[PDB]
Amino acid sequence: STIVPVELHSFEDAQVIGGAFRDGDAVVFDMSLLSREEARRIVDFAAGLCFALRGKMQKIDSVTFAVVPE
Amino acid sequence: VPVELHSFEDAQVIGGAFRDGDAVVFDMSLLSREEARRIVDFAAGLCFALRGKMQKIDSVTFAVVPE
Amino acid sequence: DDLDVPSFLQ
Amino acid sequence: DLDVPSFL
Ligand SMILES: [Mg+2]
């Protein structure tokens, strides 16, 4: 499989990250359209996804992160 | 598991017990509004990943239930 | 204490 | 600065 890209518009958009990630796919997500606090929310949700499945989380830049399955 | 949260770092206690297959009940009365939001988002992430159940018990009490 | 379970977890 | 939480 190949990395799923996501352009986030709201916190509900975390469902795309969650859905693809729990299906065993790496997700790269952009938060440039998100506010300071919305990005904080996304990162906390993504951290939760990662911890539960023992995956890897990495910062690419200030508005881009990736969640990688175990 | 009745976790009293002091900061966002205590998310690890919820996470650790939950991914080990245990239901966790956590209290957020000591947290600021910003910290409680962070905990709820993290807990939502834990639940979504493992298809668990998340429920609000009262205003400062939530539960995360596996499988 | 105005927080709830995100809707999409239903 | 928005980073990966330490416990990960
Ligand atoms: Mg938006």
Side-chain angles (χ1 to χ4, degrees), chain A, chain B residues 5 7-12 14-15 18-19 24 26-65, chain C, chain D:
Chain A
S1 85
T2 63
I3 197 147
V4 180
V6 205
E7 180 181 87
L8 309 166
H9 285 77
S10 74
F11 177 76
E12 287 66 46
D13 286 317
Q15 212 170 5
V16 172
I17 306 166
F21 183 76
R22 82 169 165 206
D23 283 346
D25 312 314
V27 182
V28 55
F29 53 86
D30 173 81
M31 310 180 297
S32 62
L33 303 171
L34 297 184
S35 64
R36 208 279 135 203
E37 52 210 311
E38 284 181 309
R40 175 78 271 156
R41 291 200 71 200
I42 289 288
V43 167
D44 296 338
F45 179 83
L49 289 172
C50 265
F51 199 91
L53 294 170
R54 308 180 128 93
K56 296 146 293 318
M57 183 175 179
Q58 61 196 282
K59 187 177 183 172
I60 290 168
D61 67 23
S62 62
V63 301
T64 322
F65 285 75
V67 288
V68 184
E70 204 207 50
Chain B
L5 306 166
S7 71
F8 179 74
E9 304 320 299
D10 293 313
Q12 196 184 0
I14 304 163
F18 183 77
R19 80 173 167 196
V24 183
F26 53 87
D27 173 80
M28 308 185 302
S29 61
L30 299 174
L31 299 184
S32 64
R33 203 173 161 263
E34 307 98 290
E35 285 179 309
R37 176 181 293 123
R38 292 200 70 200
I39 289 291
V40 165
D41 294 338
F42 180 83
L46 288 172
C47 275
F48 198 95
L50 293 170
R51 308 176 156 272
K53 190 161 104 279
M54 182 173 180
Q55 58 196 285
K56 180 191 175 81
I57 290 164
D58 61 26
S59 60
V60 299
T61 315
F62 285 72
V64 290
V65 182
Chain C
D1 70 355
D2 57 286
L3 292 332
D4 222 315
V5 174
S7 59
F8 55 85
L9 278 178
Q10 283 185 317
Chain D
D1 194 66
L2 202 77
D3 266 35
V4 177
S6 62
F7 53 85
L8 277 178

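Whatever order the structure lists ligands and atoms in, that order sets their numbers, starting from 1. Each chain gets a letter, A, B and so on, in the order its sequence line appears, and its residues count up from 1. Values reported hereafter were calculated over all heavy atoms of this structure, with side chains retained and with hydrogens, waters and symmetry mates removed.
- Looking only at side-chain heavy atoms (C-beta outward), B:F42 and B:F8 come within less than 4.5 Å of each other.
- A salt bridge links A:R41 and B:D41; the closest N-O separation between the charged side-chain nitrogens and carboxylate oxygens is under 4.0 Å.
- Ring geometry, A:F65 versus A:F29: the interplanar angle falls under 30°, so the pair is classed parallel (tilted spans 30 to 60°).
- Below the 2.8 Å limit, the Mg ion (ligand 1) has as protein N, O or S neighbours A:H9 O.
- Remark: B:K53 engages B:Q55, B:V65 in a side chain to side chain contact (heavy atoms under 4.5 Å, CB included) (not counting sequence neighbours).
- Counting heavy atoms from C-beta on, the side chains of B:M54 and B:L46 never come closer than 4.5 Å.
- In summary, the side chains of A:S10 and A:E12 do present a donor paired with an acceptor at a separation below 3.5 Å, with no hydrogens or angles considered.
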